[PDB]
């Protein structure tokens, strides 16, 4: 049924993402979400694919939804901060990278981001 099929779609999406097939990844994750809309990982993965396509608004929306489902999803904050930085929403980006560091203090991407964003906030 739907939940099990949703996971197969996620796996196909992951393989597409690993092969840099960002649009095919979006398509599979979109089907995964249609089949099961209550899994934060599907939204967070779809945000990842959207980032590589420079679909920053869609990435941001997916990250916000992922957080609604699971507020401790670290990658949702990293990805949303990335999108927000692209969209020159620097204080919001810095807030997301700061939250990622609350959840995961050793995260190097987020540490690097905070240093870079100081000049804009």
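Numbering follows the first chain given and starts at 1.
Checked against the record, the higher mean CA B factor of 67-75 and 82-90 lies with 67-75.
The PDB entry reports B-factors from which the mean C-alpha value can be compared for 96-104 and 20-28; the larger average falls on 96-104.
Residue 36: CA B factor in the highest third of modelled residues in this chain (values from the PDB entry). Per the deposited record, the Cα B-factor of residue 112 falls in the highest third when ranked against the other modelled residues of its chain.
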